[PDB]
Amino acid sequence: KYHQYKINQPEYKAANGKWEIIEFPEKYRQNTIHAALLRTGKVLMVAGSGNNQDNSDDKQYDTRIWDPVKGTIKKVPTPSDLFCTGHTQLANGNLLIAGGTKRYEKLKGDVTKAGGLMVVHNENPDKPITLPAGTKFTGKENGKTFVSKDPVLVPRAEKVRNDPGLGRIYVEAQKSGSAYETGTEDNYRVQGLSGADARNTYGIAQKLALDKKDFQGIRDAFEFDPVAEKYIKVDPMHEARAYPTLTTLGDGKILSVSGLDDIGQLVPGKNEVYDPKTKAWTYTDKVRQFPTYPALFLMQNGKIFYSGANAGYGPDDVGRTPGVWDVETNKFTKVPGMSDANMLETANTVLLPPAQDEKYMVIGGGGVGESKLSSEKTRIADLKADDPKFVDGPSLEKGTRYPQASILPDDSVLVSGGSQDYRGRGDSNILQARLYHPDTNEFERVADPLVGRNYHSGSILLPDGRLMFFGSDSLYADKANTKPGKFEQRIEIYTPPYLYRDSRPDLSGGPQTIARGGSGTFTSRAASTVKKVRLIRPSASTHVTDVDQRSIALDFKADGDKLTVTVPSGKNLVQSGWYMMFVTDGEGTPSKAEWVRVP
């Protein structure tokens, strides 16, 4: 009862804010893994199968739409397993959603021994090859050995280069324990072959560890319409992709990158572009491979920035280097200086406010695969500088995988939650929140979250300036890691310190449509007190990845109770679509947002 007094005192809330848990009625609960703020002010919450074996088996796919003002929630018919889909807002205001997974079956084997799927390649066009049970596969980089339990038939190659024959087979370590696990893709030598057979036959596997998966991508794509509140089927991708990044390019087309293919292989750099005018997909001409959910942002010069943050898969030495990517020419240029570059899996990335400055922050992360390593660091790259590089920012207390990170209308970034170890192992959720201040490069500690959030979590800024937090998919239920985890179905709302002060500036006049380079006029009785105007793109958050959120500074003029704002001219900076517009006063206190559409 004391703690509860301390955190509800007016002085405390004025310094630190306040958290609140929201539980929904049982019938509306789900494992929310993606969320996006819609222009209607409601929040799309996507579970798909919810990373739940029974729901996959049953084809039980879930979506909700939540009204944060009224507190009502409804179900939305869901046509595909969207749990590992990619998504971003289109110029038309709909959310493009693409990819996902096929039905996934539990892997059979010994739960104490590292393992998973080996894809055997056969380069011989004349003959298939059968590898009997007990065949040994040893990594060429990692040096570790796994053994097949059943025989595998590997078809002949096809002449067309020869395109290898492929055969998948479960493999497993000889002995129990984490020492025999791997964390990244490797090419595996088949023991016992010599000569043309050894030359022609090899295995490729992703991580072979103790949290064993085999997800396989799908091609299905949809536009989520926020007015109709339905997914509208569009043309499918050419490539099946589980866990792809979708990101907007300078021309308004959406680039889809990476993911796992329809047999669980990493897609080998074959990227493609959705044209919203035709509703059709086209391959890009050149290949560039990334791990899953690469953090990819459109820069002001039309190039793409890869922060290095990603959700895993693929080799430890391809697709792992932060840099600037010219999509049209395919040139990639490293941005050097990242600390703890071995701990970029499961880090967050934010394009800091204001987006004009082209400053990116990478936050936390962990070692490849199921590694115990985790990073306390922030790293910042200023892309306008003469020689752009990462430099360390302020540090968290603890090494943090999966931190949530949302831009606020006062230019702070709320950095919250995460865990010290893989999927919250060892009951390692970090119940801590901080505001990061880009102008001073400083962290300030705020009120602790009430619910732990690790893997499969996120956060969303809302139009009234509060924030919603969702998800968390712990591997174990207990600190001793003996019982299976249960997905976290509670959500939370955080009310920041700026709502526990004096009166917020008033604002009306939306929704409006304002073109790049144009102006609009709004009403605020408190116009003379406005210090900053921010156009903030709504989040679409999943797997510690959000390429949609950004906060653009608007020039403005006050004339009595009328504020006139100007949207900047650059199509790369101000991506077509809908935005929240917030006005903040001299004391750092924001209005509620009005919605603005940029054509």
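All residue numbers refer to positions in the sequence shown, first residue = 1.
In this entry, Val160 and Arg161 are separated by 4 to 9 residues of the deposited sequence that lack coordinates. Mean CA B-factor, 77-85 versus 400-408: the higher value falls on 77-85. When 104-112 is weighed against 312-320, 104-112 comes out higher, by mean CA B-factor as recorded in the entry. Looking only at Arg466, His238, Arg241, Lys479, the residue with the top Cα B factor in the deposited structure is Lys479. As recorded in the entry, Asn330 carries the highest CA temperature factor of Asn330, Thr292, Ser459, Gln356. Among all modelled residues in its chain, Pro568 ranks in the middle third by Cα B-factor. Ranked within its chain, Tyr306 lands in the lowest third, by CA B factor from the PDB record.
Compared with the other modelled residues of the chain, the Cα B-factor recorded for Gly577 ranks in the lowest third.
Compared with the other modelled residues of the chain, the Cα B-factor recorded for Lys286 ranks in the highest third.
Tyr180: CA B factor in the highest third of modelled residues in this chain (values from the PDB entry).
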